[PDB]
Amino acid sequence: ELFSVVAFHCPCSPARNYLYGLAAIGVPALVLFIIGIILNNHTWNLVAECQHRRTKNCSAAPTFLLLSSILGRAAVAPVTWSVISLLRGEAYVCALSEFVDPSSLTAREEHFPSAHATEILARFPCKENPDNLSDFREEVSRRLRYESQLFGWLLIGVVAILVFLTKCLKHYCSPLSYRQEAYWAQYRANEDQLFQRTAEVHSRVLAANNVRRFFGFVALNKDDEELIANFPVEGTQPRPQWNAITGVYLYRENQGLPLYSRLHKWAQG
Amino acid sequence: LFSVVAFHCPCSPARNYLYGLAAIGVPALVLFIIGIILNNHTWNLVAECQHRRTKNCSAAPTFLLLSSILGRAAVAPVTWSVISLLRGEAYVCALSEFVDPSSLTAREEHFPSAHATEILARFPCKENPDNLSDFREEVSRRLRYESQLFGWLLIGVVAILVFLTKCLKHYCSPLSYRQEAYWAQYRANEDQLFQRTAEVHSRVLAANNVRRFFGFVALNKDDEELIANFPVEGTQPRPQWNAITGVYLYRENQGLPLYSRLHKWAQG
Amino acid sequence: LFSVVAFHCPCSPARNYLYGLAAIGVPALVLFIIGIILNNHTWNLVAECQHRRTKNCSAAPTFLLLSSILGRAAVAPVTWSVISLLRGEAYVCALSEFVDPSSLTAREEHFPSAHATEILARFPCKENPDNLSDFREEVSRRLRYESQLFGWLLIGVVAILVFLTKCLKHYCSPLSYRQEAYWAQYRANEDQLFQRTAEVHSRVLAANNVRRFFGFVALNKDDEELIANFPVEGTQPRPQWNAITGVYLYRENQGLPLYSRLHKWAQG
Amino acid sequence: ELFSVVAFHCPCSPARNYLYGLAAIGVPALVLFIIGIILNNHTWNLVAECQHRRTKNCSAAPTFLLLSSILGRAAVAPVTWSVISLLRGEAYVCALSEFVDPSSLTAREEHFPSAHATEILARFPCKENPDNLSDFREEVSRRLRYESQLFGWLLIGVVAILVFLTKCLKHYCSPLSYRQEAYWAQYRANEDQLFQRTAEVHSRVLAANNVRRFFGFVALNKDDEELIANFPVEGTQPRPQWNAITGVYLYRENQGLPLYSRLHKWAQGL
Amino acid sequence: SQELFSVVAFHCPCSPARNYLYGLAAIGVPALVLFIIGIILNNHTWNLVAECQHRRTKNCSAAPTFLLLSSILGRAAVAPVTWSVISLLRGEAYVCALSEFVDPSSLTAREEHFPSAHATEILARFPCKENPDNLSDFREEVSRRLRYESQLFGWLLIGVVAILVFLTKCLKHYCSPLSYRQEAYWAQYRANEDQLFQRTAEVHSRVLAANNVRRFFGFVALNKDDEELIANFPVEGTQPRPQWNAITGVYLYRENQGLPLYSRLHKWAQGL
Amino acid sequence: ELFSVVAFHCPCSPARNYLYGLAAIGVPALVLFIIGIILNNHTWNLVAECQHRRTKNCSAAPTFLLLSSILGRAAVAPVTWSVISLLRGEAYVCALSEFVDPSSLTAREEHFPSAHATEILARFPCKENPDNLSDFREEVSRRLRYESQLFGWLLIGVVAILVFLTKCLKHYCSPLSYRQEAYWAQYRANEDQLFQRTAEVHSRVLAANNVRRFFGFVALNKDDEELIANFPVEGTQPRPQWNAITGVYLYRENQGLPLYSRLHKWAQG
Amino acid sequence: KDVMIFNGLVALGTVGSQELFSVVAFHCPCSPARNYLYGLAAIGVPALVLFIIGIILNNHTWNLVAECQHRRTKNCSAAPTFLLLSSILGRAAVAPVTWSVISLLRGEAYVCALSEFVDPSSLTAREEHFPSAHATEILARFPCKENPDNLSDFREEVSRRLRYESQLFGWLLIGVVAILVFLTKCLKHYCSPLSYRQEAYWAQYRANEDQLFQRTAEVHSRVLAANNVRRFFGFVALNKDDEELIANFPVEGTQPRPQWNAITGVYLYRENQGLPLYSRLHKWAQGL
């Protein structure tokens, strides 16, 4: 059971668990955050922009709109994991168990020992406390869980406000009516489907034309014969030609009619 | 799961009413913010503030539409505020510390006055002495009454508002209601066909660009008719897009009504 | 689900009787509203004042229509109020504090006179000493009788009201029921095919507008014949639309009975 | 119950379990690491590269860019086993229970004996501890499990950075845009799967061409009869021809056009 | 089968100088039986035998035999190892074997309460639980050290094999004159030829059986599918023993005119 | 059930149970050995071969290898039953219970009575022993059961080697390459299946003619008429011709071509 | 084959019946010189009876009698008698043997038998304690399991030693029948004039002819009866199948009485001038 593997087990110890809780929640967020950048294609072409120029010709301000998109899109993974842990509250209570002031404790009279304070409070999350302090143990358990949930509900509130400000300003300051942007956002996600689809077909066709010249024939299934028959290949596309359809693109217009993707710009020569 | 969003009452003085505010206000706020974004009637309104850059249009025409934005998006917070009030757990945890010890009933003068607020704080969590359980049960019902009381009357004031808004809407709209019904069926019919054509006119332009690169575009059996039946030569000008976005209030043309800016653009 | 919509008595004097009114009347009140909104007869009756703004129609001709509208929507208030009265939950919670202790019998005088109302208020919540269980039981059984007695005669009131009105409606109306059955069927049938024609005529105009913008419209197979079958040129003017909505009471034209304003408009 | 056999059994004995901790975690890691190298086709054409030249003229500049890929595509398997063990915590606690400082125990007063501290601490993972020290064990067990679970999470972080570091350099230092590399990635697999598929068929046709000469006829299934009727062969492929499509290929452009596989380089006749 | 498993299951005889004999038999012999099965099923061992039979002069040197002999054991020594390893990891076999060899003074967890009257006898009784209750702590102590010593060796044995397999695989590719890719085709050819051979041998067997029965009974009875076999695959006679004698024997890549021959049969198909 | 009846029941009695153990093991082995000989077809033509010559015309040496095949094929059942009994150990303990030397007994101080050594040692397997010597009954049982399992494992080992030894020499000493034996074996199995299949068809057709000749007709199922029409009988086959295709057969060549059975030799004319 | 399954069901049938018999109805009469006779009858009587239904139900048995009564000279050759006698026993005499062995194997049948013969002085593990007058009587009560606990010690050894004898005796019986079957099969093939392939073909033919004979005979009865119905009514009503038979099977008539007698009895296996004849029925057709 992988649930038992990644389960949050609180090491009840002073000055030790908050260090653990920091690395038991932040690190999965870091992994989740890293995944978002890696998979999002909007960051490779941004990287690819930095490699071809080798000079830093392009200004930062035009690229900041796209730079905020990769971080923004990938920011769901940390938030949806930072929030879920906070609401569960197990992460926080084990983290902040040892900072509770014994003097400010409530629900009971001043019978809390002060010989070794942090040691007893640190052991609260694991329930390894004498029942004579069970009221104290429960009181801190509830109060600390309260701050987690209050922080958790605050966290989701802040994200919602940020999204509202982001989308409202993005539509306001963009120079295209939002209906056109929907068509544009229905293009880049449509071109990439066709471009990936023909990438294999013009690869497999080029694969068969290589094996055949070696073996003397090519094994194929019933469908693959249609690929060779319908779509013949003659050669390969030049490397600079590949260089002209990678990078970032920001609504460069031609003659008064838009070009929606950098490939479309190259399709006009 | 429901366990994560489940209401856990922190039985503490001057603290739980903060939590109830957050555990109810924020989910209400997050629903309301969701409502605005999804409702497409606000973006063109936002886009309306952009193209003019002058505010030529007065607020009076906008106000009739602006109500339809917040109101149509206010259903989600209301149905979430109601259930929380009807459930009652949030309210009792909210006002437990404000119960007057003097107004306590169903028992003799046995409730301690040493730390009333502290004792009153721990009522929602069953952290109470059995001797005070009668007091706890009394406030467990008196407080739950107010929540269920507030829930029902807040439902009623909402309910009459729907009737008041709808009747006034039919009272103030110059066109007859049955014609408005046709207008409602036209907005859905145009939006679907426009959206359905948005994908197709995107795909045809998509294939007409990949082909220039690879030399051929791989299409399945059904997408093949898309290229054959629907050929395009280019794109549409930005001003042309800029003339069919925004708000529209029943501009009549030579005795012929127009129902959408696109229709108004279709008449030239 | 059903847990949220339930009755829980606040065992408090001068407070529970408010809850009983709120916990039943308001759910009945909203159900009363809902019937009005769904019915289409209200808006045209509402729209009648809009097209005149002068009170052209007198009170006597228009008073006849008002009777039918309220009764149709009155189904929800009566289909719910009597059900709660059958359970008797509202009555026992509401008027328990107002039960006169003098009429209490079938037991010796044991109920305290210090707080008679307060003890009475806590009966529904099962909070009562076993010595007063007899006092609780007698009133609980008495209130359940009165609630059911009240609830049962409500059904009879409904039963007689529909019966007398139906013959009165037949007697008052100058039309035979066989004539009324056909006429009523016409409205219930002409509306349905009016709505279906509305969408088809809505889509056809919608398709034409998009084509003038994109250049081609992506329709399914069934929509393809829609363009071929029903091609339109423009729309219908607002006065033509206005001549449809409103109320109508069986005008006659040279011995030809007309059954709808549309039929009245059909002859020109 | 095959998983039950490989289950961890901590030998509670001083200076002994950490050896077992190593050899019951390292060895399956070593086995998983070796498997990654063996099954990875990119490691054989590396070996066959230095084999046929017999001189090692080529420098380390082209080798290191591939050698990392050999381990990288294979070193993931040991790590996803090394991290899993650390998260479970069983491997570490038994390994290091001997080294716990007898002066660093808390949650109890000075009740730890000093006669054989290492010995008594060694038996903590086996729960064979007298009930007068049950507080001590539940302190050491939970403390050591922290150290493991901290190391496991940290190790995941280091891979979570090395992958992102590598994926950036592999796209910033390579002379090809990523969209072209995806094609070059979609071509290496497209050719190899065709090659394996066509190798099997040209094997069977050659086989059926010899068995016939030994029996006068060949038994073939109904669908296999189509194979012989479609893909006739005339002989075998010479060894030097088989020796020019084995090895490492590094983006040799031809007359201004690219070649994506070493086979492709031979396909143009080079 | 719960009864069959119960028969083979280990039953340690707690007695000195006796159990490790059984432990040797209870693991060694099933390993030996598995190893013998590995030899017989390995088709490469027979044409190896047939090679040592037909030539009668030991024509082949050590190098042609050594390269093949490695494949004989490698494809067969897997079965003993995965049985020896599985036994060691279980640890029951080892603890029964060495229960009479731990040094009493090396024991711990208890003071010098270990009797020295007949040390070997009492130690040997540990695996079968047949121990006095006062030495139950010692019983568990030895029951764990010996489990360890088995388990460490069990894991160590797997590691050594996982090195030899990698070393053997790497050496073969570096030493053979063929490219690794051409060997894959060569491996993909022996399987196709063998499967076609065995399948087509049956058909040329049944036809000969059908032809001979017809001469005796006067006719032959065939199933629906066998009817096609007689017409589609007619035979005229048998094949001489020397013809059968040119295709059974180890073959190591004799190239012809610069074009390879991939098996004895292929060399015969060219009449060489 | 059947297993309950044939369940071993050790007769605890001196000088008597080892007789029972032999019969309760040997007889099941002897019976199973007979079934191996009886069902095997290569044993009857061996006997039938002696019928025709009646004078030992053929030498015993060439026919010896067949005798190696008949014993080897049949011996699987006795061994697989002898081994199972040895591994179970029930047979052996009751067989040798009363032969355990009291002097060599261990795991107990010398309380073993000598008044009836054999008798009390005979009763050990059947729980009819004093509880004061219960540890001995466990000690003697475990040592004896150890001896049984060692013999069982040694026996299966020797059978394992002999199977290999008789299969390494058979290929070596046979005059044919092992592949020819593959065809020869696949031919024999094909011949017998086809030969037996035609016998049913030939008989059913022949019986039809006799019944038709005597009722004037025959009652047939759906496929019988197909059998009658497709395969008509023209008579029977002489006995001496049948005799030429019975009996053992060694590989004999004709004009440089093999003949794989007497039926083949007969079919060649 | 078909023969083995036919025997197997019978072997299972008696074993189950023996298990059923040993539960509901077997109570050893613990009375001297009464259990001994009871024990012997508890084995032989089912054995002798079960052998009898084996003979009666065997069709080939009356074939032997028919020839013996017809020939009155025992002119049947040794080989056909070897075939039939080894056929009936192999098909019938199996059932008593299986009952006999399982009865011995369980031992409750035998333990009653020699309980009388048990020597009081042959007992061990203690001094012999039995009166010279009631020694036989007390032993007879051992199998009932009602013996006093004082005599339980001596009873278990006696009830087991006989149980030892029964299982050993039952096993020894299995050896004899197993050897005999092996001995007979060799004698059957050695003394037969034709090889086993001939014997296989012949016995395989015998089943097919008699199976064909039975099916035809039932049909011939129906068609002959139907034709006489037509003669007695002038019309016949038939279903789909039977009506096809009358149109497809002409009525040859009534066969001569000697012809029926010629096709019953033992088979002389006289080769028709070298051409084999596998039954009397085959000879009759080839004879004419």
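These residue numbers are counts, starting from 1, taken along the chain as shown.
Keep in mind that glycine also has a Cβ here, set from the backbone N, Cα and C atoms.
For D:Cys10-D:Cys94, D:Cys12-D:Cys126, the entry in Swiss-Prot reads disulfide bond, with the evidence type experimental evidence. Under the heading transmembrane segment, Swiss-Prot lists D:17-40, D:66-96, D:144-170. The topological domain 'Cytoplasmic' annotation in Swiss-Prot covers D:41-65. Taken from Swiss-Prot, the feature region 'Hemichannel docking' covers D:109-116. Among the features that Swiss-Prot reports, site 'Not N-glycosylated' is placed at D:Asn132. Marked as region 'Intersubunit interaction' by Swiss-Prot: D:178-215.
Looking only at the disulfide-bonded residues D:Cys10, D:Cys12, D:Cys94, D:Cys126, the one with its C-alpha closest to D:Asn132 (site 'Not N-glycosylated') is D:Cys126.
With every protein chain in view, the residue among the disulfide-bonded residues D:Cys10, D:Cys126 whose Cβ has the most Cβ partners within 10 Å turns out to be D:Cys10. Sequence-distant neighbours of the transmembrane segment (D:17-40) (same chain, 6+ residues past either end, Cβ-Cβ under 8 Å): 6, 8, 10-11, 70-71, 73-78, 81-82, 85, 91-92, 94-98, 122, 125.
Among the recorded positions D:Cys10, D:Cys94, D:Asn132, none has a Cβ under 8 Å from a Cβ of chain E.
Cα spacing between D:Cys10 (disulfide bond) and D:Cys126 (disulfide bond): 7 Å, rounded to the nearest whole number.
The helix, strand and coil residue counts that DSSP assigns across the region 'Hemichannel docking' (D:109-116) are 0 helix, 0 strand, 8 coil. Shown in sequence order, D:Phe8, D:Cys10, D:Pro11, D:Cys12, D:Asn17, D:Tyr18, D:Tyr20, D:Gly21, D:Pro125 are the residues of the chain, 6+ apart in sequence, with a C-beta less than 8 angstroms from the C-beta of D:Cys94 (disulfide bond). DSSP states for the topological domain 'Cytoplasmic' (D:41-65), grouped as helix (H, G, I), strand (E, B) and coil, give 18 helix, 0 strand, 7 coil. Secondary structure by DSSP for the region 'Intersubunit interaction' (D:178-215): 38 helix, 0 strand, 0 coil.
Around D:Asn132 (site 'Not N-glycosylated'), a 10 Å sphere centred on its CB holds 10 further CB atoms from the protein chains shown. Here the topological domain 'Cytoplasmic' (D:41-65) has long-range neighbours at 73, 192, 243, 246-248, 250, meaning same-chain residues at least 6 beyond its ends whose C-beta is under 8 angstroms from one of its own. A 10 Å cutoff on Cβ-Cβ distances gives D:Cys12 (disulfide bond) a total of 26 other Cβ atoms nearby, all chains included. Secondary structure from DSSP puts D:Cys94 (disulfide bond) in a helix. Secondary structure from DSSP puts D:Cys12 (disulfide bond) in coil.
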